[PDB]
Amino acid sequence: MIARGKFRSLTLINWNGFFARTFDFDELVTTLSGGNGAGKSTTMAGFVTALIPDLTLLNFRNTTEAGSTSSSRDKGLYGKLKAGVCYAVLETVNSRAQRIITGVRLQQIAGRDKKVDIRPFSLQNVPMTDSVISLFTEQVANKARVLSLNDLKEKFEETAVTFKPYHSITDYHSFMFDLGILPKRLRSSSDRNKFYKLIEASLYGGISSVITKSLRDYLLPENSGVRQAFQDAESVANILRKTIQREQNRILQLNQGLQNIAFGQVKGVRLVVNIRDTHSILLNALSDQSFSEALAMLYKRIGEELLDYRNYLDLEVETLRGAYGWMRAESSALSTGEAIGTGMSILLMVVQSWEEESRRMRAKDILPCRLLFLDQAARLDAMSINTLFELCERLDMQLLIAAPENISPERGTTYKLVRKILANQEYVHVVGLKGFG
């Protein structure tokens, strides 16, 4: 019984209203309570930021503005930071009980504009006792000091600890992928786009349109062999099908862990596998009727893109209301609660899908971490909130939910934020609780 990787803590350093702060994530559900403006989102913010230090994607619109295509407006992180050196560190414990530490050094550039400077890094082999805060801060003249990257280097040069500041984000992820934290391999900005896009869709909650539009990009895996075992008549048509079915069978399983759902009037969510009517005929020709060039003609009659099976399929999400049975998931026709509980579900399939698609390129004693968000949870009714919890328990997943409310769940850890004022500065007073239940 392999132990799965979990996220253990989030520490923001010098973050606005948070000088040095650690948030211990529960083994299952962690809730941030507090009032409007408390700082619960800038927490979930920093988290993301470290998880994906890409200033090209990182964009925190206000929730009141979700489906916004706005690409000009302010990205919104610069302001959650304080002047000077700032940190965002994540602490993960491997399937091999390996305490790994991956963060970013956030620094607002020379107070001219509102642009931020980021630099990914990693710490390795830190003792399970030493606090994550202690690593990034000193004590100079009885005053606390945030040391910089070059100062960390020194500090850990003649040590077992291994500080590796990455030059390319590409390597930062390539790292988290090996020590088994990420479920996927973010080899490119095309791969990053999707990763973030998904995260974005769980923070804000609901049915992602970008994901729906191109569902067979977040689901259908690229079988590294249908091309290889090819380049090296109907044989193709058969293998294409003996592949489409194999996948269908695969999805057909995910679809099972979402039949007894409960969000609003939605009692279930499927992934319907439809075959494009066009390629539907092509597959008929190669059966009952230079090669890439061949298909090229057949397609026309009625290139290597017809060798990629995912280009034949056509996914489509569906919801189960006690009325018209299985209808295609549609925002316009769903309440906010079901809207959230539907997308959150799609999301689960994408994660399960990615993670399994990676068992190859990964060790065999490593199962990535899995954590999803839920900002403005009050939107869900207790009945719906239970379906999320029980679903996450089953898929063995970590949750971090923001309750604009001051009544959290009793399952898991609860952090209470209260933004106060001292020395005329923003100072968030945090207090966690856990164990009750």
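In case it trips you up, residue 1 is the first one in the sequence shown, and so on.
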**OP:** Pick one of none, 1 to 3, 4 to 9 or 10 or more for the number of deposited-sequence residues not modelled between residue 361 and residue 362.
**Re:** none
Original post:
Does the entry skip any residues of the deposited sequence between residue 232 and residue 233, and if so, is it 1 to 3, 4 to 9, or 10 or more, or none at all?
Top reply: 10 or more
Original post:
Got a sec? Mean C-alpha B-factor, which is higher, 407-415 or 367-375?
Top reply: 407-415
Subject >> Stretch exceeding the other in mean C-alpha B-factor - 338-346, 130-138 >> reply: 130-138
Original post:
Of the options 293, 200, 355, 318, which has the highest CA B factor as deposited?
Top reply: 293
Subject >> Residue with highest C-alpha B-factor in the PDB entry, from 93, 152, 272, 239 >> reply: 239
Original post:
Taking the C-alpha B-factors as the PDB entry records them, is residue 165 in the lowest, middle or highest third of its chain?
Top reply: middle
**OP:** Divide the modelled residues of the chain into thirds by Cα B-factor and specify which third, lowest, middle or highest, holds residue 322.
**Re:** highest
Subject >> Third of chain Cα B-factors occupied by residue 120 >> reply: middle
Original post:
Considering only modelled residues of the same chain, in which third does the CA B-factor of residue 267 rank: lowest, middle or highest?
Top reply: lowest
Original post:
Can you tell me which third, lowest, middle or highest, the CA B-factor of residue 107 falls into for its chain?
Top reply: middle
